[PDB]
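One-letter residues, chain by chain:
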Amino acid sequence: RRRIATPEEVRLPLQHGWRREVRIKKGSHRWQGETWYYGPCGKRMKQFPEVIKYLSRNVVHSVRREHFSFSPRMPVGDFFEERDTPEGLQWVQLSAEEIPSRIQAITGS
């Protein structure tokens, strides 16, 4: 990233209306995770080029593209881990304490 964001900046959107969920799933090769975002007044984005367009199309002054980070190593909003249960596959939410443990697996400089 050309501009590195802080968790405080990434929660900045969460303070204004945006939300951010991180989905962590076990891959066939590696541990992976992805960060999702939702417009507080519009559609939902999980790609960087989707966020830049939202800002350009709508009026936003509180949060800029920098406040949005899709790195699953950012322990800001919600973290989930896909798990199997006797009822089926369900996305289990990770606590703040569990977050960094999962990040270590999905981490990638």
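Residues numbered from 1 in each chain as written, not as in the entry; some residues may be left out. Heavy atoms only, no water.

If you check the header, you'll see the entry was determined by solution NMR.

**A look at the pairing of strand β4 (residues 78-85)**
Sheet topology note: the strand β1 (residues 19-26)/β4 ladder contains four bridges and is parallel. If you follow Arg23 over to β4, its bridge partner there is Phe80. Here β4 pairs with strand β5 (residues 88-94) via seven bridges, running antiparallel. Residue pairing for β5: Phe79 is matched across the bridge by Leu94. Connecting β4 to the antiparallel partner β5 that follows it, the hairpin turn spans two residues. (Pairing = 2+ DSSP bridges. Helix = DSSP H or I, 4+ residues; strand = E, 2+ residues; numbered from the N terminus.)

**Some words on the packing of aromatic side chains**
Overall, the coordinates contain six aromatic pairs when judged by the stated rule. Between the aromatic rings of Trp18 and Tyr54, the centroid separation amounts to 4.9 Å while the plane-to-plane angle is 70°, which identifies the pairing as edge-to-face. Of this pair, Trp18 sits in the loop between α1 (7-16) and β1 while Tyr54 sits in helix α2 (residues 48-57), placing them 36 residues apart in sequence. On the basis of relative accessibility, which here comes to 3%, the residue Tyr54 falls in the buried class. Relative to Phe68, the ring of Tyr37 lies with its centre 5.0 Å away and its plane at 85°, an arrangement referred to as edge-to-face. Of the two residues, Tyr37 sits in strand β2 (residues 31-38) while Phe68 sits in the loop between α2 and β4, which places them 31 residues apart along the sequence. By relative accessible area, which is 5% here, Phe68 ends up buried. Looking at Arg23, its charged tip hangs above the ring of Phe80, at a distance of 4.1 Å from the centre. For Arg23, the ring lying beneath its charged end belongs to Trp91, and the centroid distance is 5.5 Å. (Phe/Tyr/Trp six-rings, centres within 6.5 Å; stacked < 30°, edge-to-face > 60°. Buried < 20%, exposed > 50% of the residue type's maximum accessible area, 1.4 Å probe, protein only. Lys NZ or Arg CZ within 6 Å of the ring centre and 35° of its normal.)

**Observations concerning the environment of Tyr38**
Along the chain, the position of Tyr38 falls in strand β2. Overall, the relative accessible area of 27% leaves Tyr38 in the partly exposed class. Each C-alpha atom of the pair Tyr38 and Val51 lies 9.5 Å from the other, and the pair is 13 residues apart in sequence. Side chain to side chain, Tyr38 and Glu21 meet in a polar contact 2.6 Å long. (Polar contact = N/O pair within 3.5 Å; in protein donor to acceptor, adjacent residues only side chain to side chain.)

**What about the nonpolar core?**
One finds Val10, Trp18, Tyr37, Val51, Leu55, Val63 and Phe68 to be the most contacted residues of the largest nonpolar core, which totals 16 residues. Counting only elements with at least two residues in this core, the list comes to α1 and α2. Not counting chain neighbours up to four residues away, the residues in contact with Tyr37 comprise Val10, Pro13, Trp18, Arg19, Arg20, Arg44, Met45, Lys46, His67, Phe68, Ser69 and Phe70. With seven residues, the next largest nonpolar core counts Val22, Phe79, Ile99 and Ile103 among its residues. (Core = buried A, V, L, I, M, F, W, Y, C linked by side-chain atoms within 4.5 Å. Contact = heavy atoms within 4.5 Å.)

**A closer look at the sheet that holds β2**
Across the sheet, which stays open at both edges, the five strands sit in the order β3-β2-β1-β4-β5 with mixed pairing between neighbours. Of all the strands in the sheet, just β3 (44-45) and β5 have a single pairing partner and so form its edges. With two bridges joining them, β2 and β3 adopt antiparallel strand pairing. Counterpart to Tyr37 in the pairing with β3 is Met45.

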